[PDB]
Amino acid sequence: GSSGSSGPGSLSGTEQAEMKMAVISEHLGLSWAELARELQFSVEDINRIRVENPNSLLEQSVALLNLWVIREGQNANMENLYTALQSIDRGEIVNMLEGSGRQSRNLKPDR
């Protein structure tokens with residue numbers, strides 16, 4: 001009995017979530033386009049974001065994520081998001097974002 005924190009179904013409502021999402025957009029920059037299309041986002045939505053976030057790319061990534069979250073609503077899931085990223089050859093983010101990093105040293109092989 002170690003783990004114990006209210007949240008039987010916390011979705012994008014935890015300190016971590018905020019960080020992850022934000023970060024994803026930080027690196028996204030351009031990939032955002034590819035990532036968007038991956039989520040079955042028609043040009044309409046895409047092009048729009050470009051005209052709504054012409055200032056810089058970072059803004060485009062942020063806006064996009066916000067959309068995906070809304071559209072999905074509840075069905076949304078961090079996993080699915082990661083899967084879409086890798087699809088467009090953008091797994092480096094999920095790696096730098098999620099990496100427990102463990103090592104099981106080995107003294108010697110036993111029969």
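Counting begins at 1 with the first residue displayed.
Each Cβ is built from the backbone N, Cα and C atoms, and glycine gets one as well.
These features come from Swiss-Prot:
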{"type": "DOMAIN", "residues": "17-101", "note": "domain 'Death'"}
{"type": "MOD_RES", "residues": "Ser10", "note": "phosphoserine"}
{"type": "MOD_RES", "residues": "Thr14", "note": "phosphothreonine"}
{"type": "MOD_RES", "residues": "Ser42", "note": "phosphoserine"}
{"type": "MOD_RES", "residues": "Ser100", "note": "phosphoserine"}
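What the PDB entry says about this one:
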{"type": "SEQADV", "residues": "1-7", "note": "expression tag"}
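Sequence features, as recorded in Swiss-Prot, placed on the structure.
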residue: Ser10; record: phosphoserine; Cβ within 10 Å: 11
residue: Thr14; record: phosphothreonine; Cβ within 10 Å: 12
residue: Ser42; record: phosphoserine; Cβ within 10 Å: 10
residue: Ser100; record: phosphoserine; Cβ within 10 Å: 4
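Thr14 (phosphothreonine) and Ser100 (phosphoserine) have their C-alpha atoms 18 Å apart, to the nearest angstrom.
The two recorded residues, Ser10 (phosphoserine) and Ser100 (phosphoserine), have Cα atoms 20 Å apart. Rounded to a whole number, the distance between the Cα atoms of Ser42 (phosphoserine) and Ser100 (phosphoserine) is 35 Å. In terms of DSSP helix, strand and coil, the domain 'Death' (17-101) has 61 helix, 0 strand, 24 coil.
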